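The chain contents come next:
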Amino acid sequence: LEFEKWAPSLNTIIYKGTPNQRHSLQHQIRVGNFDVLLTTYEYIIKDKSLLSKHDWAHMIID
DNA sequence: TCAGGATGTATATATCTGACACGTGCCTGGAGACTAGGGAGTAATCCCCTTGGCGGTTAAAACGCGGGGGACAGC
């Protein structure tokens, strides 16, 4: 909500729900096509083979 | 389903023995007294592992449901 509210032009990526949704998503960002990735603890663990693979410029943990 | 009969089983009576109960003498194995020392009890610490619950996902359990193959009764 706050990402949208406070900023436009940010390709905000989120993880949630089913693996089907997460799969179609990973396709979208399989090349790093995003400005910011928002996710959670369970997905950075469960999808670490994808998320640790992708390099990071900056990480914020709330 | 019922009475007769043949067989078999059971039951009282001797009777007979050899296997069990009992007496006796011996002797060694168990009890008593005593000593040492080390194993076990007991206290104090500590810290690792167990337990109780929750969060979150997802494979698996549950459930219905049709239908064909085996269980089973008969002969």
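What counts and what doesn't
- Residues numbered from 1 in each chain as written, not as in the entry; some residues may be left out.
- Chains lettered and ligands numbered in written order.
- Part of a larger assembly, values for the part shown.
- Heavy atoms only, no water.
- Patch = residues over 30% accessible without salt bridge, like charges linked within 9 Å, V, L, I, M, F, W, Y side chains within 5 Å.
- Areas by Shrake-Rupley, 256 points an atom, 1.4 Å probe, with all protein chains shown as cover.
- Salt bridge = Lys/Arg side-chain N within 4 Å of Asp/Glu carboxyl O.
- Buried < 20%, exposed > 50% of the residue type's maximum accessible area, 1.4 Å probe, protein only.
- Helix = DSSP H or I, 4+ residues; strand = E, 2+ residues; numbered from the N terminus.
- Contact = heavy atoms within 4.5 Å.
- Near = heavy atom within 4 Å.
- Polar contact = N/O pair within 3.5 Å; in protein donor to acceptor, adjacent residues only side chain to side chain.
- Nonpolar A, V, L, I, M, F, W, Y, C, P; charged D, E, K, R; others polar.

- Determination of this PDB entry was carried out by cryo-EM to a resolution of 3.9 Å, according to the record.

- Under the PDB entry, the name given to chain A is Nuclear protein STH1/NPS1, and the source organism is Saccharomyces cerevisiae.

## A word on a nonpolar patch on the surface
Line of reasoning, step 1. Taken together, the side chains of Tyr41, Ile44, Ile45, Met59 and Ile61 define a hydrophobic patch exposed on the protein surface, amounting to about 580 Å² of accessible area.
Line of reasoning, step 2. For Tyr41, a relative accessible area of 47% puts it in the partly exposed group.

## Focus: the environment of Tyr43
Line of reasoning, step 1. Relative to the assigned elements, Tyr43 resides in helix α3 (residues 41–46).
Line of reasoning, step 2. Sequence-distant contacts of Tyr43, defined by excluding residues within four places in its chain, comprise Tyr15, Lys16, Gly17, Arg22, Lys48 and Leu51.

## Brief notes about the protein's contact with DNA strand B
Line of reasoning, step 1. As a structural note, the neighbourhood of DNA strand B is formed by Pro19, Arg22, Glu42 and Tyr43.
Line of reasoning, step 2. Within 4 Å of the protein, the contacting atoms of DNA strand B are 100% sugar and phosphate, with bases supplying the remainder.
Line of reasoning, step 3. At 2.8 Å from a phosphate oxygen of DNA strand B is found a side-chain nitrogen or oxygen belonging to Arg22.
Line of reasoning, step 4. A distance of 2.9 Å separates a phosphate oxygen of DNA strand B from a polar atom in the side chain of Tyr43.
Line of reasoning, step 5. Of all elements in the fold, only α2 (19–28) and α3 reach the threshold of two or more residues within the surface near DNA strand B.
Line of reasoning, step 6. Taken together, the residues of the surface near DNA strand B sort by class into two nonpolar, no polar and two charged.

## Brief notes about the pattern of salt bridges
Line of reasoning, step 1. Tallied over the full model, the rule gives one salt bridge.
Line of reasoning, step 2. In this structure, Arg22 and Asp47 form a salt bridge, with 4.0 Å as the shortest nitrogen-oxygen distance. With a gap of 25 residues between them, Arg22 in helix α2 and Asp47 in the loop between α3 and α4 (48–51) connect regions that are remote in the sequence.
Line of reasoning, step 3. A relative accessible area of 17% means that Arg22 is categorised as buried.

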